[PDB]
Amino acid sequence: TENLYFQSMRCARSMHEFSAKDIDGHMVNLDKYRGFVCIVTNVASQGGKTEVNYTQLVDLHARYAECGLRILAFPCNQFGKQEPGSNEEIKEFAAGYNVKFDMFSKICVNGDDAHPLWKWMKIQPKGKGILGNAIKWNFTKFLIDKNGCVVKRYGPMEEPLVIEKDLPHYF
């Protein structure tokens, strides 16, 4: 079972209570996203849906950054080992898609070594999965409101443009 080891954290109210290393290795306090609507997603470079996901995320960011949309991308190698490269290589991969949103260092999203933000997101009322809460594949997406609460989860079968219709409610 996936366990928080600071059991307090089952009572965390917001993504803004968490921190993560950016793709350059620097700690980022996620409270910087207060007042912004965020899409948080796990990414891979060698996935079957890598091209559509990066392309559409870059498009949403281009079209809605000025409305308050931010995107946090977390590389993860847990799905067919489809993100095997170094953070430096992943950074250059994203640059080829002209990514202007925020890239993070590679993490686990499932299991005992999952980043705490990911452990927390999947037990939120609106972050729950269909059969259990595990992240099922690359490019699961969580929509986070301006107060840092999880408001919707989109599975790997949902391309990022599907999210577009839901954004105006949270801006």
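A residue's number is simply how far along the shown sequence it sits, counting from 1.
Chemist: Which has the higher mean CA temperature factor in the PDB entry, 124-132 or 34-42?
Modeler: Result: 124-132.
Chemist: Among all modelled residues of this chain, ranked by Cα B factor, put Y97 in the bottom, middle or top third, i.e. lowest, middle or highest.
Modeler: As the PDB entry reports it, the C-alpha B-factor of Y97 lands in the middle third of its chain.
Chemist: Classify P116 as lowest, middle or highest third according to the C-alpha B-factor given in the PDB entry, relative to its own chain.
Modeler: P116: CA B-factor falls in the lowest third of its chain.
Chemist: With respect to C-alpha B-factor, does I107 fall in the lowest, middle or highest third of the chain as deposited?
Modeler: Its C-alpha B-factor, which the entry lists for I107, ranks in the lowest third among residues of this chain.
Chemist: Consider only the C-alpha atoms of the modelled residues in this chain, order them by B-factor as the entry records it, and name the third containing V150: lowest, middle or highest.
Modeler: Ranked within chain, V150 CA B lands in the lowest tercile.
Chemist: How does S86 rank on Cα B-factor within its chain, lowest, middle or highest third?
Modeler: Tercile = highest for this residue's CA B-factor.
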